[PDB]
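S.K.: Structure below; questions to follow.
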Amino acid sequence: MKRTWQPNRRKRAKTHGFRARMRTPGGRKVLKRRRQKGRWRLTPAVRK
Amino acid sequence: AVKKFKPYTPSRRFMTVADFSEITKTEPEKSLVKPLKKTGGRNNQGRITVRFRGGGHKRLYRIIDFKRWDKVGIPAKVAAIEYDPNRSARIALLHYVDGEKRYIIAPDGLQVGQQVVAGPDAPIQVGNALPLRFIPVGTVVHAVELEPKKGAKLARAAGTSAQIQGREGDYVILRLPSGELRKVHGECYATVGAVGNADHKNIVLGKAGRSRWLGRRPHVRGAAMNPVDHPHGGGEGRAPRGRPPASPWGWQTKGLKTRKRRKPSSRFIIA
RNA sequence: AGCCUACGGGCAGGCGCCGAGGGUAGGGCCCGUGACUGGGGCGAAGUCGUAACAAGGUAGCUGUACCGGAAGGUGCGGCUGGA
RNA sequence: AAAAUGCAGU
RNA sequence: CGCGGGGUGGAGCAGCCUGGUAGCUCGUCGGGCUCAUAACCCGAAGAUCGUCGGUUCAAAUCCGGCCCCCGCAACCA
RNA sequence: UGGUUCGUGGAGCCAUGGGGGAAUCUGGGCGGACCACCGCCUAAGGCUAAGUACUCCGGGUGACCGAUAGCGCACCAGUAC
RNA sequence: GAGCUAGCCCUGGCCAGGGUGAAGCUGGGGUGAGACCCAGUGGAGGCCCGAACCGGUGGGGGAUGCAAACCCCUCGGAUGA
RNA sequence: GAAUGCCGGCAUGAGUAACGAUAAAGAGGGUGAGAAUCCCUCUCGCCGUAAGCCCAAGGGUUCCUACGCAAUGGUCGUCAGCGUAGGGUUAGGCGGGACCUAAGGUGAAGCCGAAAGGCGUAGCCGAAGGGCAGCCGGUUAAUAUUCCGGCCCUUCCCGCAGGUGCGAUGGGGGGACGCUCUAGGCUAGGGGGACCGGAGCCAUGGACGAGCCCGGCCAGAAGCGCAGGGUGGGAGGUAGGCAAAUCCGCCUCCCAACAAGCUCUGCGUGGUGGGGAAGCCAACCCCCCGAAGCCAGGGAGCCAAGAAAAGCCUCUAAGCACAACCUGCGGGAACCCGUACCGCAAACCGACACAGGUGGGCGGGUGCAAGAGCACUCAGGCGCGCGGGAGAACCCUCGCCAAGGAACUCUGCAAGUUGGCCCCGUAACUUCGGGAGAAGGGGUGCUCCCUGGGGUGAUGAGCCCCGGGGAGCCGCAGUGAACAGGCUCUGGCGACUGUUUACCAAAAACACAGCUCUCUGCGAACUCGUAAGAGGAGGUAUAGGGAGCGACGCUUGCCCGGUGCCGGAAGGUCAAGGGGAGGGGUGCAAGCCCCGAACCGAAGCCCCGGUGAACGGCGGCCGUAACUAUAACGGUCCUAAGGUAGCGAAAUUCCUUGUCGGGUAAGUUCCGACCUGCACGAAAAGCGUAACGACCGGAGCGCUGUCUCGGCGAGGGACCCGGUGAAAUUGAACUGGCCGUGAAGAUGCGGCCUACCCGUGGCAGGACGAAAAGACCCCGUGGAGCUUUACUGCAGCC
RNA sequence: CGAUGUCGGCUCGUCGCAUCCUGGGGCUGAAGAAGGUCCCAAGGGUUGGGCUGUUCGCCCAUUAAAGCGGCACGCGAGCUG
Ligand SMILES: [Mg+2]
Ligand SMILES: [Mg+2]
Ligand SMILES: [Mg+2]
Ligand SMILES: [Mg+2]
Ligand SMILES: [Mg+2]
Ligand SMILES: [Mg+2]
Ligand SMILES: [Mg+2]
Ligand SMILES: [Mg+2]
Ligand SMILES: [Mg+2]
Ligand SMILES: [Mg+2]
Ligand SMILES: [Mg+2]
Ligand SMILES: [Mg+2]
Ligand SMILES: [Mg+2]
Ligand SMILES: [Mg+2]
Ligand SMILES: [Mg+2]
Ligand SMILES: [Mg+2]
Ligand SMILES: [Mg+2]
Ligand SMILES: [Mg+2]
Ligand SMILES: [Mg+2]
Ligand SMILES: [Mg+2]
Ligand SMILES: [Mg+2]
Ligand SMILES: [Mg+2]
Ligand SMILES: [Mg+2]
Ligand SMILES: [Mg+2]
Ligand SMILES: [Mg+2]
Ligand SMILES: [Mg+2]
Ligand SMILES: [Mg+2]
Ligand SMILES: [Mg+2]
Ligand SMILES: [Mg+2]
Ligand SMILES: [Mg+2]
Ligand SMILES: [Mg+2]
Ligand SMILES: [Mg+2]
Ligand SMILES: [Mg+2]
Ligand SMILES: [Mg+2]
Ligand SMILES: [Mg+2]
Ligand SMILES: [Mg+2]
Ligand SMILES: [Mg+2]
Ligand SMILES: [Mg+2]
Ligand SMILES: [Mg+2]
Ligand SMILES: [Mg+2]
Ligand SMILES: [Mg+2]
Ligand SMILES: [Mg+2]
Ligand SMILES: [Mg+2]
Ligand SMILES: [Mg+2]
Ligand SMILES: [Mg+2]
Ligand SMILES: [Mg+2]
Ligand SMILES: [Mg+2]
Ligand SMILES: [Mg+2]
Ligand SMILES: [Mg+2]
Ligand SMILES: [Mg+2]
Ligand SMILES: [Mg+2]
Ligand SMILES: [Mg+2]
Ligand SMILES: [Mg+2]
Ligand SMILES: [Mg+2]
Ligand SMILES: [Mg+2]
Ligand SMILES: [Mg+2]
Ligand SMILES: [Mg+2]
Ligand SMILES: [Mg+2]
Ligand SMILES: [Mg+2]
Ligand SMILES: [Mg+2]
Ligand SMILES: [Mg+2]
Ligand SMILES: [Mg+2]
Ligand SMILES: [Mg+2]
Ligand SMILES: [Mg+2]
Ligand SMILES: [Mg+2]
Ligand SMILES: [Mg+2]
Ligand SMILES: [Mg+2]
Ligand SMILES: [Mg+2]
Ligand SMILES: [Mg+2]
Ligand SMILES: [Mg+2]
Ligand SMILES: [Mg+2]
Ligand SMILES: [Mg+2]
Ligand SMILES: [Mg+2]
Ligand SMILES: [Mg+2]
Ligand SMILES: [Mg+2]
Ligand SMILES: [Mg+2]
Ligand SMILES: [Mg+2]
Ligand SMILES: [Mg+2]
Ligand SMILES: [Mg+2]
Ligand SMILES: [Mg+2]
Ligand SMILES: [Mg+2]
Ligand SMILES: [Mg+2]
Ligand SMILES: [Mg+2]
Ligand SMILES: [Mg+2]
Ligand SMILES: [Mg+2]
Ligand SMILES: [Mg+2]
Ligand SMILES: [Mg+2]
Ligand SMILES: [Mg+2]
Ligand SMILES: [Mg+2]
Ligand SMILES: [Mg+2]
Ligand SMILES: [Mg+2]
Ligand SMILES: [Mg+2]
Ligand SMILES: [Mg+2]
Ligand SMILES: [Mg+2]
Ligand SMILES: [Mg+2]
Ligand SMILES: [Mg+2]
Ligand SMILES: [Mg+2]
Ligand SMILES: [Mg+2]
Ligand SMILES: [Mg+2]
Ligand SMILES: [Mg+2]
Ligand SMILES: [Mg+2]
Ligand SMILES: [Mg+2]
Ligand SMILES: [Mg+2]
Ligand SMILES: [Mg+2]
Ligand SMILES: [Mg+2]
Ligand SMILES: [Mg+2]
Ligand SMILES: [Mg+2]
Ligand SMILES: [Mg+2]
Ligand SMILES: [Mg+2]
Ligand SMILES: [Mg+2]
Ligand SMILES: [Mg+2]
Ligand SMILES: [Mg+2]
Ligand SMILES: [Mg+2]
Ligand SMILES: [Mg+2]
Ligand SMILES: [Mg+2]
Ligand SMILES: [Mg+2]
Ligand SMILES: [Mg+2]
Ligand SMILES: [Mg+2]
Ligand SMILES: [Mg+2]
Ligand SMILES: [Mg+2]
Ligand SMILES: [Mg+2]
Ligand SMILES: [Mg+2]
Ligand SMILES: [Mg+2]
Ligand SMILES: [Mg+2]
Ligand SMILES: [Mg+2]
Ligand SMILES: [Mg+2]
Ligand SMILES: [Mg+2]
Ligand SMILES: [Mg+2]
Ligand SMILES: [Mg+2]
Ligand SMILES: [Mg+2]
Ligand SMILES: [Mg+2]
Ligand SMILES: [Mg+2]
Ligand SMILES: [Mg+2]
Ligand SMILES: [Mg+2]
Ligand SMILES: [Mg+2]
Ligand SMILES: [Mg+2]
Ligand SMILES: [Mg+2]
Ligand SMILES: [Mg+2]
Ligand SMILES: [Mg+2]
Ligand SMILES: [Mg+2]
Ligand SMILES: [Mg+2]
Ligand SMILES: [Mg+2]
Ligand SMILES: [Mg+2]
Ligand SMILES: [Mg+2]
Ligand SMILES: [Mg+2]
Ligand SMILES: [Mg+2]
Ligand SMILES: [Mg+2]
Ligand SMILES: [Mg+2]
Ligand SMILES: [Mg+2]
Ligand SMILES: [Mg+2]
Ligand SMILES: [Mg+2]
Ligand SMILES: [Mg+2]
Ligand SMILES: [Mg+2]
């Protein structure tokens with residue numbers, strides 16, 4: 001039936017955004033963590 | 001006056017709405033600096049703080065004059081009596097001669113085109129406001145302030161009304177609608193007469209809906225929840241509570257007094 | 001489409017209306033009877049009290065309402081058919 | 001103030 | 001099958017913890033008061049203390065075995 | 001109340017959230033309650049190398065591994081997924 | 001982590017067709033005046049039937065499925081909470 | 001060599017199940033190395049409120065073209081959404097942005113918090129809402145309101161002419177609002193035509209026919225009509241719009257008003273531009289139906305009373321009047337992003353080309369009462385990416401059945417009957433609405449004749465919309481197929497519509513209007529937060545929070561001993577702290593240090609009293625009536641008080657299938673009764689109750705393959721052949737019966753018996769078959785949720 | 001207990017005999033017909049409903065009779081629940 005993943009761009013960008021991250025101390029420390037691991041994307045890459 | 005319906009459908013037989021002859025004359029509220037974006041929302045910064053709120057018909061706000069001492073001595077003609085979704089009483093719209101217009105919790109009797117005013121002198125009668133001190137010991141009165149220059153706060157719902165019980169110096173004693181005998185400062189204003197729409201207390205919602213149209217979501221009994229939720233909850237098989245009626249938060253609900261103890265607000269009470 | 005024919009006609013035969021009654025369905029009135037149940041009338045010497053009749057030992061009666069093993073009691077009002 | 005009852009027929 | 005409480009004059013109950021005394025209401029019997037009956041007044045009479053054994057100097061009383069009574073249990077399957 | 005070895009213990013010292021509240025050397029704290037002796041030391045401003053720590057980084061080594069080991073990755077790996 | 005789900009807030013959209021026929025008005029009757037009674041008009045309702053849409057009654061099938069909740073027949077709401 | 005071990009490889013099950021909707025195929029041409037599967041054509045079937053068109057979201061080159069077939073495609077592939085390469089997406093007017101504001105977010109000022117950070121005014125951000133200028137054609141292999149053609153617009157800048165007190169972030173108006181019902185005109189859309197325009201056709205017995213067949217429009221400035229939507233003009237005063245105003249707003253004054261004018265739309269018409277069927281390698285007209293769309297800010301009614309801001313008018317402030325606006329007309333200027341393609345799906349969410357899920361618009365025609373339903377069908381799109389035979393059992397889905405007719409069974413579960421529209425005609429009971437579609441009947445097709453109103457016209461023909469009567473025809477049958485209630489009686493529970501355990505429970509559970517109790521006088525009580533702040537509420541006792549009950553009707557007894565809550569300026573106790581009698585350590589001392597009794601000291605608790613729609617409770621044993629029997633009466637013990645009404649073998653009754661009565665041939669169920677109620681009882685309400693119910697029980701009628709009891713038949717599998725080809729499982733196996741034996745249920749030991757070797761289709765007795773380190777049970781000084789008068793703490797509160 | 005699915009029903013049976021019928025047969029308080037009891041004997045039979053989840057019973061209507069037990073209270077990789 002109507003599964004859990006209902007893709008929306010404005011959502012994804014706004015929830016897991018690079019800006020959204022930077023805005024919370026918890027969110028800032030997420031990036032810090034990723035950059036430090038070498039991930040190629042930090043913020044779930046989207047596009048509009 | 002309360003209108004009743006025929007049984008042409010259950011939940012109707014019983015239902016009864018408010019008679020709107022008192023109002024009439026004007027339906028749409030006064031566009032003019034009078035309505036506002038009345039913001040629905042059943043709770044503060046996030047969590048709900050008043051369970052079962054919500055739903056309910058869209059509603060515009062009417063800013064009313066809760067301190068008529070604004071325009072002292074300036075007399076006005078009561079232009080119309082309109083309906084107000086925001087409250088139980090009816091509000092009356094009045095054009096001042098000052099040009100200006102504004103609303104005012106429509107007192108019982110106040111009639112159209114009749115003139116009214118407020119001042120430390122106005123003819124003691126329906127719709128006039130004057131510092132409590134100048135009002136004849138006895139004469140009823142609504143939209144009473146509680147402290148000089150802080151707006152009406154007492155007696156505002158259909159039928160409410162306090163009575164001047166007697167003077168006592170800087171102060172004056174009032175027997176509020178609840179029956180508590182309060183001492184309100186002499187300067188506090190208050191407009192002569194009662195509130196009107198007294199029939200309010202008789203309308204029977206009728207159906208479970210309506211209760212909803214008012215923005216009241218079903219209210220479940222503690223009894224019906226589980227130990228986890230409410231305290232009454234739980235028990236395998238319907239229960240007799242289990243000593244001594246309590247609220248979802250703890251505190252007893254049958255009799256336990258709550259008003260603050262050492263509230264400086266005493267000293268002016270009795271009842 | 002037969003018969004006798006006195007031949008546009010008559011009979012037989014055919015179709016239709018109605019039609020006794022039978023059928024089905026649903027109502028109404030009356031009578032009988034029914035576990036159980038409600039009081040009622042009656043029946044020589046039963047059990048409990050004593051309400052009423054003499055200020056019946058709390059005047060009586062009354063419409064009503066509530067209560068009580070039972071008569072009855074009490075409230076409100078009413079009558080005198082009590083003072 | 002308080003204080004009940006008296007078998008059947010005759 | 002288990003864990004309980006109980007048994008005493010006619011009746012309904014006490015004394016049984018902590019032994020030597022058997023208490024109360026009622027009823028019963030004998031007298032009064034009434035024309036008489038109740039009701040009232042005065043005076044009594046009646047109790048293997050459920051049985052059997054044990055303990056003690058002495059047991060209804062403390063101790064166990066039975067015999068009858070009225071309670072509560074009998075759960076997961 | 002915390003810190004110390006110190007868990008209220010005879011509990012001093014060192015900090016200090018509350019109340020009260022000095023003196024400037026005849027001033028004032030300490031020497032494990034407290035007195036007295038005797039002795040130490042100058043609180044309520046600050047600064048100060050070095051010896052100490054660590055290994056993203058470069059180098060040298062190994063009775064270290066040798067592609068299921070060794071870092072997760074000897075390879076276009078924080079990738080594919 | 002409320003892109004599922006639960007509630008609420010702001011703003012939009014959606015609900016074939018058919019039926020029943022409340023309040024009101026209006027005329028007639030009625031009375032001292034009324035209540036009221038009649039037709040007509042009227043078009044109410046968590047009203048009725050039933051598609052969309054929202055469900056999930058009962059049965060069967062499915063059960064290494066078409067599917068980690070599906071399909072068939074059937075059934076409830078369908079101007080409202 | 002074992003850890004249901006870890007990683008990897010390869011086995012077995014097995015050429016087995018399967019190959020993803022039973023909408024469906026056949027053939028002839030091509031192409032090629034090879035074609036059931038690619039291309040073409042001709043038959044055939046399926047969808048057609050879609051299985052067709054457009055738009056959004058999401059996906060992201062999947063688009064078009066040319067080469068290709070390793071793999072991907074449940075088979076095949078010459079094909080492709082695959083690989084490789086090359087093309088392809090054009091905007092002042094469509095959509096976003098150099099506009100607006102909503103929720104919400106952010107946040108100068110300001111408030112708060114160990115830090116992190118939390119609030120918060122304005123402002124800012126924020127869109128499917130407000131605002132705003134493009135229509136019809138033509139082109140490409142692939143883009144088009146984007147390029148092109150025709151017609152028509154919008155801003156800005158400048159010059160010019162002619163106008164006027166011009167001018168704000170400021171003031172005012174407007175923007176501007178709900179739901180249900182609707183008028184009058186239109187348009188979209190559609191149906192006809194005896195008319196216009198057309199290639200053609202007369203077959204197979206007849207028709208050269210007012211024949212058949214095809215099509216008879218679209219867009220359109222200014223002006224003009226026809227529908228509407230908006231709108232009083234004057235002129236004086238002014239205490240108001242946080243006056244800066246000749247604008248709003250108020251009063252007063254002529255005139256004027258189911259209006260005119262002035263405006264603004266929509267629709268016709270319009271110069272003119274465009275398109276333009278069926279057929280064999282060029283008209284463009286007239287009737288009729290008609291919107292859920294337009295005129296739109298239309299109108300009525302209703303109660304629950306229906307965003308904001310900018311654009312836009314208008315008013316004045318400084319300012320500035322050489323500016324400036326305003327109207328014209330010309331010239332010029334007009335950026336950024338998006339635009340391919342999929343888009344109910346093989347390109348989106350579901351690991352898959354997945355029978356699931358996905359918002360908005362169009363959604364033709366005929367018939368059936370209607371309709372978005374149902375059957376068929378246009379347009380357009382599809383036959384579902386394995387096929388070919390066979391015609392066993394067995395399963396699925398489907399059709400029919402003799403006589404019987406619920407005997408089936410836990411249960412009529414399932415299936416059958418009934419089934420639309422019209423007319424008759426419908427009971428108890430009732431809250432008078434209803435029950436009611438109660439039940440139970442009749443009608444239903446086509447043909448001819450007569451005849452009634454309506455709409456459009458024009459009054460009159462056509463064209464449509466309702467009808468009424470009379471004869472008559474054929475069938476087994478006329479809602480001739482499809483969509484399409486089985487009905488009644490009677491209990492229980494709940495009033496009722498509603499809500500729930502996504503994914504085993506839809507209920508008698510939750511909710512519900514309504515009743516009661518209680519809290520709360522406003523910086524309310526309550527909730528969230530450390531706080532600031534916020535909800536409560538821009539409310540104010542007819543209001544708000546908590547609690548129980550749960551429409552309505554008749555009602556809701558007795559017990560404050562204990563418990564809770566409420567009231568008690570006395571008493572009793574009580575911690576700091578006050579107070580210091582009096583004692584102690586040290587000094588030679590002044591002193592310094594220590595203990596420390598009287599008494600005074602809060603809340604709380606004890607204590608007094610209230611309190612039941614507050615927690616809660618609401619008895620026993622003897623006796624007695626003139627037949628017995630029983631006990632209205634009595635005695636006695638105990639209590640805080642001993643269960644009232646009403647109901648009662650019940651969702652409650654153990655004994656129990658109580659015992660009577662009813663229904664039945666027969667009734668542990670069922671209905672009515674009785675009452676020794678193991679163990680009903682009054683807002684954890686008691687007893688009832690019309691109506692309602694996918695709720696649970698009992699009975700009848702109707703009908704039936706449920707059954708006596710099976711039989712035949714259809715199709716999709718199962719079976720054979722070609723093609724692709726898994727799975728759990730698996731110590732190894734050369735894996736028979738009986739009677740014993742064995743850790744107690746043996747293919748495997750013993751004795752006897754039977755037994756050539758290997759498969760195929762079938763059935764499930766056994767392999768203590770598979771699958772889950774059993775849910776139950778106990779064990780563990782394992783764990784979690786919950787509880788309270790367990791312990792001990794903390795928030796909170798006094 | 002790293003699972004031996006647990007009542008009853010339905011379907012399919014098969015076995016024991018301590019036999020409900022039907023066949024033999026001795027006693028009898030067996031006249032007859034019937035009955036009682038015991039002996040031998042399962043070869044084959046051993047009904048259909050009402051009530052209950054029931055096994056079991058109890059009834060209804062028949063019968064020659066309406067037997068009792070075992071098979072993991074036979075039988076859920078056979079069904080029902
Ligand atoms: Mg969203
Ligand atoms: Mg906020
Ligand atoms: Mg937030
Ligand atoms: Mg509730
Ligand atoms: Mg619950
Ligand atoms: Mg929770
Ligand atoms: Mg709790
Ligand atoms: Mg409870
Ligand atoms: Mg007849
Ligand atoms: Mg009778
Ligand atoms: Mg008397
Ligand atoms: Mg007397
Ligand atoms: Mg008397
Ligand atoms: Mg008595
Ligand atoms: Mg009395
Ligand atoms: Mg009297
Ligand atoms: Mg007597
Ligand atoms: Mg005699
Ligand atoms: Mg005793
Ligand atoms: Mg005795
Ligand atoms: Mg005597
Ligand atoms: Mg003894
Ligand atoms: Mg003795
Ligand atoms: Mg004894
Ligand atoms: Mg137990
Ligand atoms: Mg247990
Ligand atoms: Mg300090
Ligand atoms: Mg010190
Ligand atoms: Mg010291
Ligand atoms: Mg020392
Ligand atoms: Mg220093
Ligand atoms: Mg290095
Ligand atoms: Mg090496
Ligand atoms: Mg090595
Ligand atoms: Mg490695
Ligand atoms: Mg190697
Ligand atoms: Mg959500
Ligand atoms: Mg639609
Ligand atoms: Mg409708
Ligand atoms: Mg009417
Ligand atoms: Mg409805
Ligand atoms: Mg419906
Ligand atoms: Mg649901
Ligand atoms: Mg439905
Ligand atoms: Mg229905
Ligand atoms: Mg709504
Ligand atoms: Mg080993
Ligand atoms: Mg492996
Ligand atoms: Mg096999
Ligand atoms: Mg096979
Ligand atoms: Mg196969
Ligand atoms: Mg397929
Ligand atoms: Mg080739
Ligand atoms: Mg060839
Ligand atoms: Mg979406
Ligand atoms: Mg996109
Ligand atoms: Mg690609
Ligand atoms: Mg090609
Ligand atoms: Mg290939
Ligand atoms: Mg292939
Ligand atoms: Mg392609
Ligand atoms: Mg390609
Ligand atoms: Mg252009
Ligand atoms: Mg903005
Ligand atoms: Mg913030
Ligand atoms: Mg804000
Ligand atoms: Mg918009
Ligand atoms: Mg635009
Ligand atoms: Mg295209
Ligand atoms: Mg162009
Ligand atoms: Mg000027
Ligand atoms: Mg047309
Ligand atoms: Mg022609
Ligand atoms: Mg005017
Ligand atoms: Mg003016
Ligand atoms: Mg035109
Ligand atoms: Mg052409
Ligand atoms: Mg702005
Ligand atoms: Mg101006
Ligand atoms: Mg496109
Ligand atoms: Mg769609
Ligand atoms: Mg897909
Ligand atoms: Mg496919
Ligand atoms: Mg799919
Ligand atoms: Mg159609
Ligand atoms: Mg129809
Ligand atoms: Mg439509
Ligand atoms: Mg359809
Ligand atoms: Mg078709
Ligand atoms: Mg086949
Ligand atoms: Mg048959
Ligand atoms: Mg037949
Ligand atoms: Mg029949
Ligand atoms: Mg029957
Ligand atoms: Mg049977
Ligand atoms: Mg059925
Ligand atoms: Mg049917
Ligand atoms: Mg009847
Ligand atoms: Mg009924
Ligand atoms: Mg009918
Ligand atoms: Mg015909
Ligand atoms: Mg069909
Ligand atoms: Mg059919
Ligand atoms: Mg019952
Ligand atoms: Mg219900
Ligand atoms: Mg419901
Ligand atoms: Mg569920
Ligand atoms: Mg339901
Ligand atoms: Mg369910
Ligand atoms: Mg109060
Ligand atoms: Mg506040
Ligand atoms: Mg309840
Ligand atoms: Mg009391
Ligand atoms: Mg009490
Ligand atoms: Mg008390
Ligand atoms: Mg108190
Ligand atoms: Mg005190
Ligand atoms: Mg108690
Ligand atoms: Mg006797
Ligand atoms: Mg009978
Ligand atoms: Mg019976
Ligand atoms: Mg039955
Ligand atoms: Mg009964
Ligand atoms: Mg009882
Ligand atoms: Mg009770
Ligand atoms: Mg009570
Ligand atoms: Mg109660
Ligand atoms: Mg109830
Ligand atoms: Mg009922
Ligand atoms: Mg329902
Ligand atoms: Mg029956
Ligand atoms: Mg069958
Ligand atoms: Mg067959
Ligand atoms: Mg077949
Ligand atoms: Mg094969
Ligand atoms: Mg062998
Ligand atoms: Mg064996
Ligand atoms: Mg062997
Ligand atoms: Mg085989
Ligand atoms: Mg087997
Ligand atoms: Mg099998
Ligand atoms: Mg197993
Ligand atoms: Mg285990
Ligand atoms: Mg357990
Ligand atoms: Mg533990
Ligand atoms: Mg095992
Ligand atoms: Mg014999
Ligand atoms: Mg014989
Ligand atoms: Mg046998
Ligand atoms: Mg057997
Ligand atoms: Mg057994
Ligand atoms: Mg068994
Ligand atoms: Mg069950």
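Identifiers for the structure tokens are assigned positionally: chains receive A, B, ... in sequence, residues are indexed from 1 per chain, and ligands are indexed from 1 in the order shown.
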Could you write out, as a VMD selection string, all the residues of segment 13-46 of chain B that DSSP marks as strand (DSSP E)?

M.R.: chain B and resid 16 to 17 35 to 36

S.K.: Report as a list in words which protein, DNA and RNA residues come within 10 Å of ligand 153, using only C-alpha atoms (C1' of nucleotides) and all ligand atoms.

M.R.: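 Residues satisfying the distance criterion: residues 410 of chain H; 53 and 81 of chain I.
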
S.K.: Name the residues, by chain letter and number, that sit within 12 Å of ligand 63 using only C-alpha atoms (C1' of nucleotides) and all ligand atoms, and give them as an MDAnalysis selection string.

M.R.: chainID H and resid 91:94 133:135 145:147 152:154 334

S.K.: Write as a ChimeraX atom specification the residues around ligand 35, taking 10 Å as the cut-off and counting only C-alpha atoms (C1' of nucleotides) and all ligand atoms.

M.R.: /F:67-74

S.K.: Go ahead and write the selection's residues with C-alpha atoms (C1' of nucleotides) as a PDB file, in the first residue's frame.

M.R.:
ATOM      1  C1'   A F  67      45.417  -9.580   0.579  1.00  0.00           C
ATOM      2  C1'   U F  68      39.883 -13.846   5.500  1.00  0.00           C
ATOM      3  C1'   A F  69      46.437 -10.774   7.746  1.00  0.00           C
ATOM      4  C1'   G F  70      47.609  -5.831   8.022  1.00  0.00           C
ATOM      5  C1'   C F  71      43.954   0.423   8.651  1.00  0.00           C
ATOM      6  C1'   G F  72      37.461  -0.017   6.938  1.00  0.00           C
ATOM      7  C1'   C F  73      40.377   0.962   1.993  1.00  0.00           C
ATOM      8  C1'   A F  74      47.718  -2.615  -1.196  1.00  0.00           C
TER       9        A F  74
END

S.K.: Looking at only C-alpha atoms (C1' of nucleotides) and all ligand atoms, which of H:213, H:772, H:151, H:342 is the one that sits closest to ligand 143?

M.R.: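 The answer is H:772, which sits nearest to ligand 143.
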
S.K.: I'd like to know which of F:26, F:79, F:52, F:61 is closest to chain A, using only C-alpha atoms (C1' of nucleotides).

M.R.: F:79

S.K.: Using only C-alpha atoms (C1' of nucleotides) and all ligand atoms, which residues have at least one atom no more than 9 Å from ligand 62? Output them as a list in words.

M.R.: residues 62, 80, 81, 82, 83 and 84 of chain H

S.K.: Would you name the residues within 12 Å of ligand 24, counting only C-alpha atoms (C1' of nucleotides) and all ligand atoms, and put them as a list in words?

M.R.: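 These are the residues that qualify: residues 6, 7, 8, 16, 48, 49, 50, 51, 52, 59, 60, 61, 62 and 63 of chain E.
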
S.K.: Residues of chain A within 7 Å of chain F, using only C-alpha atoms (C1' of nucleotides), as a ChimeraX atom specification?

M.R.: /A:37-39

S.K.: Output C-alpha atoms of each residue in that selection to a file, as a short mmCIF file (atom, residue, chain, number, x, y, z; two decimals), in the first residue's frame.

M.R.:
data_model
loop_
_atom_site.label_atom_id
_atom_site.label_comp_id
_atom_site.auth_asym_id
_atom_site.auth_seq_id
_atom_site.Cartn_x
_atom_site.Cartn_y
_atom_site.Cartn_z
CA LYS A 37 35.16 10.82 8.05
CA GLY A 38 35.65 11.91 4.47
CA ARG A 39 32.10 11.41 3.20
#

S.K.: Segment 56-72 of chain I: which residues within 7 Å, counting only C-alpha atoms (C1' of nucleotides), same-chain residues fewer than 3 positions away excluded, as an MDAnalysis selection string?

M.R.: (chainID H and resid 665:666) or (chainID I and resid 19:22 46:47 50)
